[PDB]
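Undergrad: Just input07.cif, nothing more (mmCIF, C-alpha atoms; chains and numbers go by the auth columns):
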```cif
data_input
loop_
_atom_site.group_PDB
_atom_site.id
_atom_site.type_symbol
_atom_site.label_atom_id
_atom_site.label_comp_id
_atom_site.label_asym_id
_atom_site.label_seq_id
_atom_site.Cartn_x
_atom_site.Cartn_y
_atom_site.Cartn_z
_atom_site.B_iso_or_equiv
_atom_site.auth_seq_id
_atom_site.auth_asym_id
ATOM 1 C CA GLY A 1 195.860 72.734 -7.071 0.00 761 U
ATOM 2 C CA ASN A 2 198.216 75.382 -5.656 0.00 762 U
ATOM 3 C CA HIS A 3 200.653 75.366 -2.731 0.00 763 U
ATOM 4 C CA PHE A 4 198.469 77.351 -0.323 0.00 764 U
ATOM 5 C CA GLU A 5 198.890 76.560 3.384 0.00 765 U
ATOM 6 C CA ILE A 6 196.439 78.790 5.361 0.00 766 U
ATOM 7 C CA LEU A 7 193.490 80.669 3.753 0.00 767 U
ATOM 8 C CA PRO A 8 192.934 84.100 5.461 0.00 768 U
ATOM 9 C CA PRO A 9 189.450 85.090 6.681 0.00 769 U
ATOM 10 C CA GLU A 10 189.323 87.749 3.935 0.00 770 U
ATOM 11 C CA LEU A 11 187.787 85.083 1.680 0.00 771 U
ATOM 12 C CA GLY A 12 184.607 85.579 3.704 0.00 772 U
ATOM 13 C CA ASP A 13 184.487 89.246 2.675 0.00 773 U
ATOM 14 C CA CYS A 14 183.622 88.347 -0.945 0.00 774 U
ATOM 15 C CA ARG A 15 179.827 88.565 -0.891 0.00 775 U
ATOM 16 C CA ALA A 16 179.277 87.155 -4.384 0.00 776 U
ATOM 17 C CA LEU A 17 181.707 84.267 -3.780 0.00 777 U
ATOM 18 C CA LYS A 18 180.273 81.204 -2.031 0.00 778 U
ATOM 19 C CA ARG A 19 181.466 77.655 -1.359 0.00 779 U
ATOM 20 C CA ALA A 20 180.163 76.381 -4.704 0.00 780 U
ATOM 21 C CA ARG A 21 182.142 79.099 -6.499 0.00 781 U
ATOM 22 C CA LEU A 22 185.129 78.517 -4.179 0.00 782 U
ATOM 23 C CA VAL A 23 187.470 75.944 -5.725 0.00 783 U
ATOM 24 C CA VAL A 24 189.908 75.173 -2.900 0.00 784 U
ATOM 25 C CA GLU A 25 191.462 72.135 -1.287 0.00 785 U
ATOM 26 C CA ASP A 26 189.619 70.604 1.653 0.00 786 U
ATOM 27 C CA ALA A 27 192.563 71.374 3.940 0.00 787 U
ATOM 28 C CA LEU A 28 192.683 74.888 2.480 0.00 788 U
ATOM 29 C CA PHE A 29 188.990 75.432 3.225 0.00 789 U
ATOM 30 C CA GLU A 30 189.407 73.991 6.726 0.00 790 U
ATOM 31 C CA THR A 31 191.986 76.706 7.460 0.00 791 U
ATOM 32 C CA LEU A 32 189.165 79.241 7.150 0.00 792 U
ATOM 33 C CA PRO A 33 187.494 80.380 10.391 0.00 793 U
ATOM 34 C CA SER A 34 184.409 78.502 11.536 0.00 794 U
ATOM 35 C CA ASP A 35 182.242 81.604 11.115 0.00 795 U
ATOM 36 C CA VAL A 36 183.742 82.272 7.676 0.00 796 U
ATOM 37 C CA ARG A 37 183.163 78.707 6.478 0.00 797 U
ATOM 38 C CA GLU A 38 179.651 78.600 7.963 0.00 798 U
ATOM 39 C CA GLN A 39 178.778 81.796 6.089 0.00 799 U
ATOM 40 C CA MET A 40 180.476 80.228 3.055 0.00 800 U
ATOM 41 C CA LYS A 41 178.275 77.123 3.155 0.00 801 U
ATOM 42 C CA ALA A 42 175.030 78.441 4.666 0.00 802 U
ATOM 43 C CA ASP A 43 173.478 81.425 6.464 0.00 803 U
ATOM 44 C CA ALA A 44 174.873 80.420 9.892 0.00 804 U
ATOM 45 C CA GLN B 1 206.888 53.578 -8.420 0.00 558 C
ATOM 46 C CA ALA B 2 203.577 54.035 -10.273 0.00 559 C
ATOM 47 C CA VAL B 3 202.418 56.373 -7.497 0.00 560 C
ATOM 48 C CA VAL B 4 205.432 58.560 -8.296 0.00 561 C
ATOM 49 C CA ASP B 5 203.744 59.081 -11.674 0.00 562 C
ATOM 50 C CA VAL B 6 200.749 60.638 -9.868 0.00 563 C
ATOM 51 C CA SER B 7 202.657 62.300 -6.990 0.00 564 C
ATOM 52 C CA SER B 8 202.848 65.567 -8.962 0.00 565 C
ATOM 53 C CA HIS B 9 199.216 66.337 -8.050 0.00 566 C
ATOM 54 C CA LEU B 10 197.945 63.628 -5.670 0.00 567 C
ATOM 55 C CA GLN B 11 197.225 65.151 -2.262 0.00 568 C
ATOM 56 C CA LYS B 12 195.667 62.228 -0.348 0.00 569 C
ATOM 57 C CA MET B 13 196.860 58.623 -0.121 0.00 570 C
ATOM 58 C CA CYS B 14 195.615 55.992 2.334 0.00 571 C
ATOM 59 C CA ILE B 15 197.319 52.560 2.160 0.00 572 C
ATOM 60 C CA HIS B 16 196.116 49.991 4.738 0.00 573 C
ATOM 61 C CA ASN B 17 197.811 46.600 4.655 0.00 574 C
ATOM 62 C CA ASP B 18 196.538 43.628 6.665 0.00 575 C
ATOM 63 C CA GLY B 19 199.865 43.186 8.495 0.00 576 C
ATOM 64 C CA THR B 20 202.499 43.279 5.747 0.00 577 C
ATOM 65 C CA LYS B 21 205.562 45.284 6.734 0.00 578 C
ATOM 66 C CA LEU B 22 206.137 48.412 4.635 0.00 579 C
ATOM 67 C CA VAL B 23 209.825 47.572 4.480 0.00 580 C
ATOM 68 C CA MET B 24 210.943 50.226 1.977 0.00 581 C
ATOM 69 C CA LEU B 25 209.958 53.906 1.904 0.00 582 C
ATOM 70 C CA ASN B 26 211.847 55.311 -1.099 0.00 583 C
ATOM 71 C CA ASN B 27 208.823 56.151 -3.262 0.00 584 C
ATOM 72 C CA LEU B 28 206.968 57.782 -0.354 0.00 585 C
ATOM 73 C CA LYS B 29 209.660 60.489 -0.291 0.00 586 C
ATOM 74 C CA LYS B 30 208.405 61.587 -3.733 0.00 587 C
ATOM 75 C CA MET B 31 205.011 62.594 -2.296 0.00 588 C
ATOM 76 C CA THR B 32 205.685 66.329 -2.155 0.00 589 C
ATOM 77 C CA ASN B 33 202.105 67.353 -2.981 0.00 590 C
ATOM 78 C CA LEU B 34 200.720 64.928 -0.382 0.00 591 C
ATOM 79 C CA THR B 35 198.906 66.579 2.522 0.00 592 C
ATOM 80 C CA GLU B 36 197.248 63.526 4.132 0.00 593 C
ATOM 81 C CA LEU B 37 199.106 60.272 4.809 0.00 594 C
ATOM 82 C CA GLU B 38 197.794 57.156 6.559 0.00 595 C
ATOM 83 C CA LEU B 39 200.068 54.212 7.413 0.00 596 C
ATOM 84 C CA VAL B 40 197.619 51.671 8.844 0.00 597 C
ATOM 85 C CA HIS B 41 199.021 48.379 10.166 0.00 598 C
ATOM 86 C CA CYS B 42 202.253 48.796 8.191 0.00 599 C
ATOM 87 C CA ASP B 43 204.256 46.889 10.857 0.00 600 C
ATOM 88 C CA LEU B 44 206.953 49.564 10.803 0.00 601 C
ATOM 89 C CA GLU B 45 207.758 49.140 14.543 0.00 602 C
ATOM 90 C CA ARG B 46 209.438 52.576 14.334 0.00 603 C
ATOM 91 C CA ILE B 47 208.617 56.065 13.104 0.00 604 C
ATOM 92 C CA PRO B 48 209.113 55.991 9.312 0.00 605 C
ATOM 93 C CA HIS B 49 211.836 58.199 7.861 0.00 606 C
ATOM 94 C CA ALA B 50 209.889 59.022 4.683 0.00 607 C
ATOM 95 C CA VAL B 51 207.264 60.979 6.645 0.00 608 C
#
```
Would you mind writing the structure in this file as structure tokens?

TA:
Amino acid sequence: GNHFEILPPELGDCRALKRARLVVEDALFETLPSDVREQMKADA
Amino acid sequence: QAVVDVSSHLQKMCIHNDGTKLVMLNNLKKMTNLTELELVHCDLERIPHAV
């Protein structure tokens, strides 16, 4: 619900934070790197 | 104008007419929070100015 444009890969550094705990826009999440989002959703 | 009442937080809108021309585009300019827009078969014949 914010005005974010691009989400930096640093979101993947939060070990305890996963996709379920990540409340972001779909476009916001898509700005994450493929490796970052794959780690976010699964074990890659 | 009802969509202007939801434009404060709506981020996706997809309007697909069956050939009717989207003649006016005044309300579409109010879609600041919009991030995805789809103008399907709107019979614009030109690039819309509201986009």

Undergrad: Here's the selection I'm unsure about, the PyMOL selection byres ((chain U) within 9 of (chain C)); applied to the file above, which residues does it give, as number ranges by chain?

TA: U: 761, 763, 787

Undergrad: For the point (175.9, 70.1, -3.2) in the file's frame, write as a list in words all residues with an atom no more than 10 Å away, counting all atoms listed in the file.

TA: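 Residues satisfying the cut-off, written out: residues 779, 780 and 801 of chain U.
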
Undergrad: Report, in Å to a single decimal, how far apart CA of residue 601 in chain C and CA of residue 576 in chain C are.

TA: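 Taking CA of residue 576 in chain C as the start and CA of residue 601 in chain C as the end point, the length is 9.8 Å.
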
Undergrad: Report, in Å with one decimal, the straight-line distance from CA of residue 775 in chain U to CA of residue 799 in chain U.

TA: 9.8 Å

Undergrad: Using Å and a single decimal, report how far CA of residue 778 in chain U sits from CA of residue 793 in chain U.

TA: 14.4 Å

Undergrad: Please provide as a ChimeraX atom specification all residues within 8 Å of range 767-771 of chain U, with the sequence filter that same-chain residues fewer than 4 positions apart are discarded (counting all atoms listed in the file).

TA: /U:788-789,791-793,796

Undergrad: If the PyMOL selection byres ((chain C and resi 558) around 12) were run on this exact file, what residues would it hold? Put them as a ChimeraX atom specification.

TA: /C:559-564,581-588

Undergrad: Nearest to residue 577 in chain C among C:597, C:608, C:603, C:589, with distances taken over all atoms listed in the file: which residue is it?

TA: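 Smallest distance to residue 577 in chain C is found for C:597.
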
Undergrad: Mind giving me the axis-aligned box for range 785-800 of chain U with 5 Å on every side, centre plus edges in Å to one decimal, as JSON?

TA:
```
{"center_x": 185.7, "center_y": 76.4, "center_z": 5.1, "size_x": 23.9, "size_y": 21.7, "size_z": 22.8}
```

Undergrad: Could I see range 765-788 of chain U restored to N, CA and C atoms, set down as an mmCIF file, in the coordinates of the input?

TA:
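Just written: rebuild13.cif:
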```cif
data_model
loop_
_atom_site.group_PDB
_atom_site.id
_atom_site.type_symbol
_atom_site.label_atom_id
_atom_site.label_comp_id
_atom_site.auth_asym_id
_atom_site.auth_seq_id
_atom_site.Cartn_x
_atom_site.Cartn_y
_atom_site.Cartn_z
ATOM 1 N N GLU U 765 198.820 77.236 2.065
ATOM 2 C CA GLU U 765 198.890 76.560 3.384
ATOM 3 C C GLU U 765 197.669 76.983 4.211
ATOM 4 N N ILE U 766 197.575 78.275 4.538
ATOM 5 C CA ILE U 766 196.439 78.790 5.361
ATOM 6 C C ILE U 766 195.656 79.820 4.534
ATOM 7 N N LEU U 767 194.328 79.688 4.491
ATOM 8 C CA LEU U 767 193.490 80.669 3.753
ATOM 9 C C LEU U 767 193.006 81.742 4.740
ATOM 10 N N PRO U 768 193.301 83.042 4.513
ATOM 11 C CA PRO U 768 192.934 84.100 5.461
ATOM 12 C C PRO U 768 191.432 84.310 5.494
ATOM 13 N N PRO U 769 190.904 84.870 6.588
ATOM 14 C CA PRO U 769 189.450 85.090 6.681
ATOM 15 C C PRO U 769 188.910 86.075 5.658
ATOM 16 N N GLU U 770 189.778 86.791 4.937
ATOM 17 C CA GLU U 770 189.323 87.749 3.935
ATOM 18 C C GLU U 770 188.487 87.095 2.844
ATOM 19 N N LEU U 771 188.623 85.779 2.652
ATOM 20 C CA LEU U 771 187.787 85.083 1.680
ATOM 21 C C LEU U 771 186.310 85.203 2.026
ATOM 22 N N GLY U 772 185.986 85.368 3.308
ATOM 23 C CA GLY U 772 184.607 85.579 3.704
ATOM 24 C C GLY U 772 184.066 86.956 3.382
ATOM 25 N N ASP U 773 184.934 87.902 3.019
ATOM 26 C CA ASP U 773 184.487 89.246 2.675
ATOM 27 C C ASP U 773 183.883 89.329 1.280
ATOM 28 N N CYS U 774 184.159 88.356 0.415
ATOM 29 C CA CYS U 774 183.622 88.347 -0.945
ATOM 30 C C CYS U 774 182.165 87.908 -0.884
ATOM 31 N N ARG U 775 181.249 88.872 -1.013
ATOM 32 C CA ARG U 775 179.827 88.565 -0.891
ATOM 33 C C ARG U 775 179.354 87.648 -2.011
ATOM 34 N N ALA U 776 179.756 87.936 -3.250
ATOM 35 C CA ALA U 776 179.277 87.155 -4.384
ATOM 36 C C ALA U 776 179.902 85.768 -4.443
ATOM 37 N N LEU U 777 181.022 85.552 -3.758
ATOM 38 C CA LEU U 777 181.707 84.267 -3.780
ATOM 39 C C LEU U 777 181.198 83.384 -2.648
ATOM 40 N N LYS U 778 180.748 82.184 -2.997
ATOM 41 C CA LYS U 778 180.273 81.204 -2.031
ATOM 42 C C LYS U 778 181.079 79.912 -2.177
ATOM 43 N N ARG U 779 180.710 78.905 -1.381
ATOM 44 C CA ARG U 779 181.466 77.655 -1.359
ATOM 45 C C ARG U 779 181.421 76.955 -2.712
ATOM 46 N N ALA U 780 180.267 76.992 -3.383
ATOM 47 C CA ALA U 780 180.163 76.381 -4.704
ATOM 48 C C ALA U 780 181.112 77.044 -5.693
ATOM 49 N N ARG U 781 181.216 78.372 -5.641
ATOM 50 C CA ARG U 781 182.142 79.099 -6.499
ATOM 51 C C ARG U 781 183.569 79.094 -5.971
ATOM 52 N N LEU U 782 183.795 78.579 -4.765
ATOM 53 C CA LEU U 782 185.129 78.517 -4.179
ATOM 54 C C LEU U 782 185.746 77.164 -4.510
ATOM 55 N N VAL U 783 186.768 77.169 -5.364
ATOM 56 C CA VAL U 783 187.470 75.944 -5.725
ATOM 57 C C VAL U 783 188.781 75.891 -4.955
ATOM 58 N N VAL U 784 188.753 75.261 -3.781
ATOM 59 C CA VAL U 784 189.908 75.173 -2.900
ATOM 60 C C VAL U 784 190.055 73.736 -2.426
ATOM 61 N N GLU U 785 191.244 73.425 -1.917
ATOM 62 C CA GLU U 785 191.462 72.135 -1.287
ATOM 63 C C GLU U 785 190.668 72.046 0.013
ATOM 64 N N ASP U 786 190.357 70.811 0.412
ATOM 65 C CA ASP U 786 189.619 70.604 1.653
ATOM 66 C C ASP U 786 190.410 71.113 2.852
ATOM 67 N N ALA U 787 191.715 70.834 2.883
ATOM 68 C CA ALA U 787 192.563 71.374 3.940
ATOM 69 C C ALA U 787 192.634 72.893 3.862
ATOM 70 N N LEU U 788 192.692 73.438 2.645
ATOM 71 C CA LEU U 788 192.683 74.888 2.480
ATOM 72 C C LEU U 788 191.407 75.495 3.047
#
```
